[PDB]
Amino acid sequence: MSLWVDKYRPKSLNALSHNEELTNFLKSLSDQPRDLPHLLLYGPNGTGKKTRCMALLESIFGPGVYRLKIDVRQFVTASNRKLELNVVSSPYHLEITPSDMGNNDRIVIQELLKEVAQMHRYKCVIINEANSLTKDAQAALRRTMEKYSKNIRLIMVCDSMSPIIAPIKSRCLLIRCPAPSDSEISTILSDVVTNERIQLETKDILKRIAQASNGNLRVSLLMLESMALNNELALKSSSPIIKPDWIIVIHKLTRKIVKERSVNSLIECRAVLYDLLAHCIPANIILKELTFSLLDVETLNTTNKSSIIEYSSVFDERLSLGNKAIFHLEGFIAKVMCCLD
Amino acid sequence: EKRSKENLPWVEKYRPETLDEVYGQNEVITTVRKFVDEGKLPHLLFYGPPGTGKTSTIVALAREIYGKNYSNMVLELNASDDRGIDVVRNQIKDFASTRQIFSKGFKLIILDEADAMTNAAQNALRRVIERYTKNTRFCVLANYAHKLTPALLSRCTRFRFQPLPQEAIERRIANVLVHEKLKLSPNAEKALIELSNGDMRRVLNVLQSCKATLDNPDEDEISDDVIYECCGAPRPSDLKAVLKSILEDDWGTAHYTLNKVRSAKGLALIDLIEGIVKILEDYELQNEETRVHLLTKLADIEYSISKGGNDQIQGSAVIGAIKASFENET
Amino acid sequence: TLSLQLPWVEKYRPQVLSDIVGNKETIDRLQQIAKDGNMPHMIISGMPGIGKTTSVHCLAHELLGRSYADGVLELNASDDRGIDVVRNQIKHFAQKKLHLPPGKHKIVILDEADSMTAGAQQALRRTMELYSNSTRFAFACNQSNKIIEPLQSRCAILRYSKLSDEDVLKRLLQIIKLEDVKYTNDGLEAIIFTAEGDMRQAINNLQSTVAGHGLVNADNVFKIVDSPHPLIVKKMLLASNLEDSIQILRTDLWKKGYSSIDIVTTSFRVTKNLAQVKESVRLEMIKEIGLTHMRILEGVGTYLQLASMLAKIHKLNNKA
Amino acid sequence: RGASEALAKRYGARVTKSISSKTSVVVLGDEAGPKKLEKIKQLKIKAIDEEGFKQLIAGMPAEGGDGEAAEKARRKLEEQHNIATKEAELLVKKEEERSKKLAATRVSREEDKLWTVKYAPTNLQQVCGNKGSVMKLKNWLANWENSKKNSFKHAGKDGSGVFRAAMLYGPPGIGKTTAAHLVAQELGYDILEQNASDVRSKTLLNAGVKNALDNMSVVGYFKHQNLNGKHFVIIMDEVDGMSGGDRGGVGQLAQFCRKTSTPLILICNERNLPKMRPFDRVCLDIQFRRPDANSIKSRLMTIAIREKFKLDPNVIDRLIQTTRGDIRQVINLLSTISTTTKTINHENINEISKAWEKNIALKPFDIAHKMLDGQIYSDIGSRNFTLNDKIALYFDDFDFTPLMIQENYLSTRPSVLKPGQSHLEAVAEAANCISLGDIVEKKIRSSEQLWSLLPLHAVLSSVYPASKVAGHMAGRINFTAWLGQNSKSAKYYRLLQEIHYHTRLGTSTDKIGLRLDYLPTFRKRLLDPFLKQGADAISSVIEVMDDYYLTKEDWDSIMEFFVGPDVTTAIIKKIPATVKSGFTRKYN
DNA sequence: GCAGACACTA
DNA sequence: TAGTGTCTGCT
DNA sequence: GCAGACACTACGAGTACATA
DNA sequence: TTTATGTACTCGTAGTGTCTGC
Ligand SMILES: Nc1ncnc2c1ncn2[C@@H]1O[C@H](COP(=O)(O)OP(=O)(O)OP(O)(O)=S)[C@@H](O)[C@H]1O
Ligand SMILES: Nc1ncnc2c1ncn2[C@@H]1O[C@H](COP(=O)(O)OP(=O)(O)OP(O)(O)=S)[C@@H](O)[C@H]1O
Ligand SMILES: Nc1ncnc2c1ncn2[C@@H]1O[C@H](COP(=O)(O)OP(=O)(O)OP(O)(O)=S)[C@@H](O)[C@H]1O
Ligand SMILES: Nc1ncnc2c1ncn2[C@@H]1O[C@H](COP(=O)(O)OP(=O)(O)O)[C@@H](O)[C@H]1O
Ligand SMILES: [Mg+2]
Ligand SMILES: [Mg+2]
Ligand SMILES: [Mg+2]
């Protein structure tokens, strides 16, 4: 559409120039669609997993997968805590997300799937953000997909499938979606810049865009569009690579941690973290970016880096096992400051 | 039920019907028999592990007091039925207040598995017990005493059911083998004692499964091989071999031995860990730190096994923990 | 079916304020209130078994024996207590016209009042404020912190302490002479030690000893009832060697049929109430014991978890 | 310190809690607050150690000598005894007056009554403390008709004219109900009172006092010069008894505060509950407080003289300190003790105090202040304040205590630091234990509901973190910021979901990737044309906005998601209003 | 702990 | 009208 | 006999508590 | 205020039945 990331998205398996072996595997699966088992696509973020899923649906069902609408279904949990969730439905398939309350994502998996399992001969259900389920929706989904299988099938899209429980991974055909190299990102961006009109001198700037995104199609495409808009559709050799405001704030926090290691610095870090969590930014991604920004500082030796990564792993476990996200991040920053000073 | 007995599990087919058929807790049975013979039965509280004969004892006691029709003379409440404070305020109050409808004796209230009762229900039960103690006795059966209010524990005489000893399990096994015309080797008997862990129900279930295991239930005797194959438990020889390979040989031999032992008969890793722990408690360790390292590391490993994961990694962790702990010896 | 004799707990319940033993000052105050008759609103609190509700009943009986049936309303947790079933009944009783001696008032005994709803207490506030000329209230709860602040403001707080060994011993000897039963001093001290200040527990254990063996000696007493598990857990935590604590745990708890969750909760309570060791040591022990408690609650209840918890206790105690 | 203060008050010496310039002598110990250490040195105040305290008792003669300070204190003490004796026979003469009148009526029950009822304040001059609040209430009530004539538009100097209804709030036992009733009775009004004994839900409030807003007393006509004898003063004692968010009558009482044609008075105990939030700016808030010990001292001297039992005058201060300013409970204590113990003196005061101590639950701020003190974690301090005491202190406000500990555990200067341990190490340990307590808290509040695990959470989240960083607060006790930030984050998540599902079609990216990647790009397609060319790109911005099914409301919502150098609040402000005005109109 | 208001005394 | 003594809310 | 007029039980929604 | 089941309480309402009356 208006954004270039959604303008040139492929709509078919033959329209993909991203992974040849993966596209061949999907063609093999779509060659015999009747015995298609429940799939589970996992890989790094932004590589095009849902593009693969929609292309596979188009290859199995046909054009009309992308002619999709949104309808709202009313779900009632215990007591009268009314919850509104909208399903992005379509002919030949259904799409659901755990975007409901994390502790109330079980009721949608129960009722909606029991309703659509009522009656070519099957309907496909796509579950985005599948790694965000809370071990109860998955527990229901185990028997939900084991019992009803001749009329409903699942394409479970997720990244970093470790939170997915063992039985679900057992009854799901795991499919791995690797990120492209620099050449493939540069080729896709070049196709974008030749389909549209952008003045460019040396393609090294496209290589820099590919480097900055770190194997991310969405980030690279949005960065290319943003840099073209800022440069008035004339990319320069020394064009400044943009970064998200969150990345700038995280880098400033890392510089503050490295420079000053007092307790007033700790309360300033608490304020910055409070703003970041208040502005719709997940805690685990925050901890990962803070860790890999601290490890990119050249003034630290190997002992400090090893202690930082060890505490990062410990507090990542704590974040995965806890709910108050600010507590574990504050503990991690305090431990890192105590280690460095 | 249907088709009378012989279609029941041996757990329910061999439930004691008389206080003389309750083995093990000799002191408890003698004390309650003296209580009912002397005509003074206080508010009893039966505490102990599962399978030790608490509900069997109270059922046999009620049958001895009343007779065959004790079920209509006794209000038995359990966690299966709803036991809110409305129940205490209406059903228990009416049963304690009213006279006997079938005899001229006292009322007996059995609060089976009462550790799953709310605090307010017990608070009401305190006053109910104290008010109507002249013609109504309360019996409380519980596995955990920390879920009972201290006042309720104060109001009730506490009887502790100790885990079944050697003689009681042997006597019940002999009775079952006599009834079923079944044979069993003495080493198989010791293996069943080891697998009992103070639980008679486990003994009965293993006996039933081992009778079903034999190709012909007649003229074939249960051996320790049958017990270990049906229960899946590791043999003591296998545990000793695994421990010797870990403690004496290098990593390749220890890893190969553990993998071979696990894959020969499908042994579980948690069973091997429990057997190894039971063997190592008899060791005369020189250092105080070897015990600490062994206990902490093996507890962490068994916790991770309970949460699930990779069995190969956990087995290698077991070998490494044992070897590293025993490296502190000298 | 044969009838049962009255238990010694209720057979020998005191009927006057002189037979009750324990807090001499509180009982003397109750007897002076008895003589005067102007009994104020009172809250009676303490640990169970030290003579809370029997003192209230004795005071009411001696105050108005002829009218105990008429002008005493004994509501309790067994009875349905709420907002309306309390406000209507207590208001009707307080406004009820009944002719007492000049120094007597109607008594509303709220036995086991710590479980009452807050709104019921709010209504009770104005009930007591309005009808204090005719009726008087007498609460009796184990935990006095449940009663709201204004009620404790409009009441006379009477705190009951656990009885010393001397008072329980005196009552035990009195009941022994009344029952004419043989005993040994060792058995009586064992009964006192097992009771831990609870008179009802002492009476129950003494009656069990008499009815099970006949002679109150140390052997019979320890046969019928075991030593309390808080003490064995306390000496398990305070032992020097790890082997000593391990064998104490195994023999005296695991082979005695004690649940692992009970052992962990008892260890937590002892460590919270433990006093000789330093505060930080207790905090560290509580932290690791709570970790073990979480492991037990999640389902992993074994001997190995308890042994590991004891090993961590010793690794903390020996200072690395 | 407690025992020495008891001996200091044993001889009638005032023990102030703060050091002053007019302070005579200060007893010096070993270590205390640094403010006291710097104050004593500069003002050159007399200092006597404990060794001089022992000889002070023997060397000082009775009555305090003829010193100027001692003489002034004695005559004030004598005046307190003089006014005590003056009013002692006031009721005795009244008692003889009613007895003679009662005897005549019988021809032609007392001394069996609660002491808090017979010794109730007969008039407004018999109250003890809160004189200013009582006079404020009286001035509001006596001038309610004047504000009624002026249609509650303009108030007076005090400002009570605009407020149709007055409100009373304060701790128990200090005399709110008695003051309100006496002010109503003195002016001649007819007291219409409700309470928690009868239902006060919406239905019977609409069917009860609702018709009493503009109706008078039927007894008012038959009780009659009196000008206010035919009106209503609504006295709702125990407003806290309306324990209903919706079915409760708190909003209904707010509607009465909106519209009422007669004076209305409310009496409650705590005002700051979220249940009673709609009473924030509704009524003339008259606050009562714990009265000072002198008035209660005089009243207790009168009572003791009238009851033929004697207590030492200095004991009254300790009795008030024990009961936390609850006068009614003090009278109850006196009545209970006087039955058998007729001598309340220096020997019985300690036993009386430790027997009648009031265990009042603490507020969250007081809980945090008490918990982050370095004295209670010392060797001597922890013996008096055991671990179970700290657990109970947490359990007073267990829902708020861990948050209050986490808010300000690194804002205090530690005094329990281990040798060689820096402040940052202690903060790190406290934060680690706070994280562990958070894990335990998540386990507690889950599907399993392991509520037996509460004391472990108590320790891990409040006691262990505080025992590492306890001491003196550098700043002030701050309320937890997690509640407001959590509400803000939940609202921002709701908006993120709304815009994500508005642009759901055509976008193969979840809500997490919308904020991280898509939203920064939308700013430079929906705000930069406003910045670099102004209104000349009104159609292009609308074209992009309409393409992703984005409305005008979503445009403002997207701008608030940015942080750091990309904050667009100032960018939109700098945009001229003429440029922004056209954008809204064209979309509509 | 940090003010902030209400008193008694000066 | 200005120094202490002391109770009280900060969300 | 039929339509109210009543008091009754029952169901539903909402709030609060959960270790001493 | 968030918290996630289960319990207990309180209230309000809707049916459900029975008693007066004409
Ligand atoms: N002392 C015993 N003598 C004979 N059989 C016993 C004895 N204890 C247990 N059993 C057997 O165990 C079976 C089940 O145990 P029960 O006594 O019914 O239950 P329980 O022992 O009370 O355990 P819980 O606490 O209810 S799980 C009975 O049917 C008996 O066959
Ligand atoms: N001080 C005492 N003197 C004599 N008997 C006592 C005393 N305290 C308790 N008892 C006996 O204990 C039994 C019941 O005591 P209660 O007073 O009913 O217990 P309680 O004080 O009410 O504790 P709770 O909280 O209600 S369980 C009776 O047999 C009493 O005789
Ligand atoms: N200021 C006072 N001076 C003298 N006596 C008082 C005073 N305040 C209270 N009292 C005594 O306490 C009794 C009751 O006081 P109340 O005014 O009912 O207390 P309260 O302010 O209403 O607190 P609540 O309503 O119970 S929370 C009176 O009858 C007096 O005996
Ligand atoms: N073969 C391809 N050619 C062009 N663009 C592609 C290709 N594969 C993926 N993309 C880009 O990837 C984006 C979608 O990635 P996405 O589905 O968000 O990955 P993930 O599901 O892993 O987050 C689309 O905008 C599309 O432009
Ligand atoms: Mg049973
Ligand atoms: Mg009692
Ligand atoms: Mg009042």
# chains A, B, ... in the order shown; residues from 1 in each chain; ligands from 1
>>> residues_near_ligand(ligand="ligand 3", cutoff="6 Å", atoms="only C-alpha atoms (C1' of nucleotides) and all ligand atoms", output="PyMOL selection string")
(chain C and resi 150) or (chain D and resi 116-117+119-121+127-129+172-178+269+327-328)
>>> select_by_dssp(residues="range 384-417 of chain D", states="alpha helix (DSSP H)", output="ChimeraX atom specification")
/D:384,387-396,401-407
>>> residues_near_ligand(ligand="ligand 1", cutoff="8 Å", atoms="only C-alpha atoms (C1' of nucleotides) and all ligand atoms", output="VMD selection string")
chain B and resid 10 to 16 21 to 25 48 to 57 112 to 113 141 to 143 164 168 to 169 172 199 to 201 204
>>> write_last_selection(atoms="N, CA and C atoms", output="compact mmCIF listing (two decimals), in the first residue's frame")
# COMPACT_ATOMS: atom_id res chain seq x y z
N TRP B 10 -7.98 -55.19 43.35
CA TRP B 10 -7.55 -55.78 44.61
C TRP B 10 -7.40 -54.75 45.72
N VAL B 11 -7.31 -53.46 45.37
CA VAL B 11 -7.34 -52.41 46.39
C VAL B 11 -8.68 -52.39 47.09
N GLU B 12 -9.77 -52.49 46.33
CA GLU B 12 -11.11 -52.47 46.89
C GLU B 12 -11.63 -53.85 47.26
N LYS B 13 -11.13 -54.90 46.61
CA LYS B 13 -11.55 -56.25 46.94
C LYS B 13 -11.04 -56.70 48.30
N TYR B 14 -9.94 -56.12 48.77
CA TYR B 14 -9.33 -56.52 50.04
C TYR B 14 -9.36 -55.39 51.06
N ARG B 15 -10.39 -54.56 51.02
CA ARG B 15 -10.58 -53.56 52.06
C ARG B 15 -10.97 -54.26 53.35
N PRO B 16 -10.32 -53.94 54.47
CA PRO B 16 -10.64 -54.63 55.73
C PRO B 16 -12.07 -54.34 56.17
N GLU B 21 -8.49 -57.14 61.00
CA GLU B 21 -7.87 -57.27 59.69
C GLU B 21 -7.06 -56.05 59.30
N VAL B 22 -6.88 -55.10 60.22
CA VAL B 22 -6.09 -53.90 59.97
C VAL B 22 -4.73 -54.13 60.60
N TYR B 23 -3.74 -54.42 59.77
CA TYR B 23 -2.40 -54.73 60.23
C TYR B 23 -1.56 -53.46 60.36
N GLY B 24 -0.43 -53.59 61.05
CA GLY B 24 0.52 -52.50 61.15
C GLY B 24 0.33 -51.61 62.35
N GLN B 25 -0.80 -50.91 62.42
CA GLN B 25 -1.04 -49.93 63.48
C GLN B 25 -1.64 -50.63 64.70
N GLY B 48 -1.77 -39.48 59.01
CA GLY B 48 -0.78 -40.36 58.45
C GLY B 48 -0.66 -40.24 56.94
N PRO B 49 0.26 -40.99 56.36
CA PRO B 49 0.44 -40.96 54.90
C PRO B 49 -0.68 -41.70 54.20
N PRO B 50 -0.81 -41.55 52.88
CA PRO B 50 -1.83 -42.31 52.15
C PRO B 50 -1.59 -43.81 52.23
N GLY B 51 -2.68 -44.57 52.16
CA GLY B 51 -2.61 -46.01 52.11
C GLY B 51 -2.26 -46.70 53.41
N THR B 52 -2.28 -45.99 54.53
CA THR B 52 -1.89 -46.57 55.81
C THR B 52 -3.04 -47.18 56.58
N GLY B 53 -4.28 -47.04 56.11
CA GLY B 53 -5.39 -47.70 56.75
C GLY B 53 -6.19 -46.82 57.68
N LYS B 54 -6.45 -45.58 57.27
CA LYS B 54 -7.21 -44.64 58.09
C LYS B 54 -8.71 -44.82 57.88
N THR B 55 -9.18 -44.65 56.64
CA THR B 55 -10.60 -44.81 56.37
C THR B 55 -11.05 -46.25 56.56
N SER B 56 -10.18 -47.22 56.28
CA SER B 56 -10.50 -48.61 56.59
C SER B 56 -10.70 -48.80 58.08
N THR B 57 -9.82 -48.21 58.90
CA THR B 57 -9.95 -48.32 60.34
C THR B 57 -11.23 -47.68 60.84
N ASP B 112 -13.99 -37.35 56.34
CA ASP B 112 -12.94 -37.91 55.52
C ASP B 112 -12.26 -36.82 54.70
N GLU B 113 -10.95 -36.98 54.50
CA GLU B 113 -10.07 -36.04 53.79
C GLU B 113 -10.44 -34.58 54.11
N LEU B 141 -10.18 -37.41 59.35
CA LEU B 141 -9.10 -38.08 58.65
C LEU B 141 -8.39 -37.07 57.76
N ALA B 142 -7.07 -36.97 57.92
CA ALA B 142 -6.30 -35.97 57.18
C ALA B 142 -4.91 -36.51 56.89
N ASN B 143 -4.38 -36.13 55.72
CA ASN B 143 -3.00 -36.45 55.37
C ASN B 143 -2.04 -35.34 55.74
N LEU B 164 3.42 -48.73 57.01
CA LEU B 164 3.27 -50.15 57.28
C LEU B 164 4.62 -50.85 57.37
N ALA B 168 3.46 -56.45 58.70
CA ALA B 168 2.11 -56.20 58.23
C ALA B 168 1.98 -56.45 56.73
N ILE B 169 2.95 -55.94 55.95
CA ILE B 169 2.92 -56.16 54.51
C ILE B 169 3.05 -57.64 54.20
N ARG B 172 -0.38 -59.35 54.98
CA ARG B 172 -1.40 -59.06 53.98
C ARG B 172 -1.08 -59.75 52.65
N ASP B 199 3.14 -48.17 51.53
CA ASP B 199 1.85 -48.09 50.87
C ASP B 199 1.36 -49.49 50.57
N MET B 200 0.24 -49.88 51.19
CA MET B 200 -0.34 -51.19 50.92
C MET B 200 -1.00 -51.22 49.55
N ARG B 201 -1.54 -50.09 49.11
CA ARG B 201 -2.22 -50.03 47.82
C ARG B 201 -1.27 -50.31 46.67
N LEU B 204 -0.81 -54.06 46.56
CA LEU B 204 -1.94 -54.76 45.96
C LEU B 204 -2.00 -54.55 44.45
>>> residues_around(residues="range 1-7 of chain E", least_positions_apart="3", cutoff="12 Å", atoms="only C-alpha atoms (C1' of nucleotides)", output="count of residues only")
37
>>> residues_around(residues="residue 11 in chain G", least_positions_apart="2", cutoff="12 Å", atoms="only C-alpha atoms (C1' of nucleotides)", output="VMD selection string")
(chain G and resid 9 13) or (chain H and resid 12 to 15)
>>> residues_near_ligand(ligand="ligand 6", cutoff="10 Å", atoms="only C-alpha atoms (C1' of nucleotides) and all ligand atoms", output="JSON list (two decimals) with C-alpha atoms, in the first residue's frame")
[["chain", "number", "residue", "atom", "x", "y", "z"],
["B", 126, "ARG", "CA", -15.17, -25.94, 66.50],
["B", 127, "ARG", "CA", -18.41, -24.68, 68.05],
["B", 130, "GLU", "CA", -17.96, -28.39, 71.56],
["B", 151, "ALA", "CA", -8.13, -25.07, 67.49],
["C", 48, "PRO", "CA", -6.76, -21.71, 72.02],
["C", 49, "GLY", "CA", -7.37, -23.75, 75.15],
["C", 50, "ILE", "CA", -6.52, -21.26, 77.92],
["C", 51, "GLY", "CA", -10.02, -20.62, 79.23],
["C", 52, "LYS", "CA", -11.55, -17.88, 77.10],
["C", 53, "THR", "CA", -15.16, -18.92, 76.48],
["C", 54, "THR", "CA", -15.56, -20.81, 79.76],
["C", 55, "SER", "CA", -14.69, -17.63, 81.67],
["C", 56, "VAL", "CA", -17.34, -15.71, 79.71],
["C", 57, "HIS", "CA", -19.94, -18.41, 80.38],
["C", 76, "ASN", "CA", -21.34, -17.93, 67.44],
["C", 111, "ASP", "CA", -18.06, -16.27, 70.72],
["C", 112, "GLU", "CA", -15.54, -16.74, 67.89],
["C", 140, "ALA", "CA", -14.12, -13.91, 72.48],
["C", 141, "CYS", "CA", -11.70, -14.48, 69.59],
["C", 142, "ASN", "CA", -8.37, -16.19, 69.02]]
>>> atom_distance(atom1="CA of residue 280 in chain C", atom2="CA of residue 288 in chain B")
23.4 Å
>>> closest_residue(among="A:162, A:86, A:14, A:230", to="chain B", atoms="only C-alpha atoms")
A:162
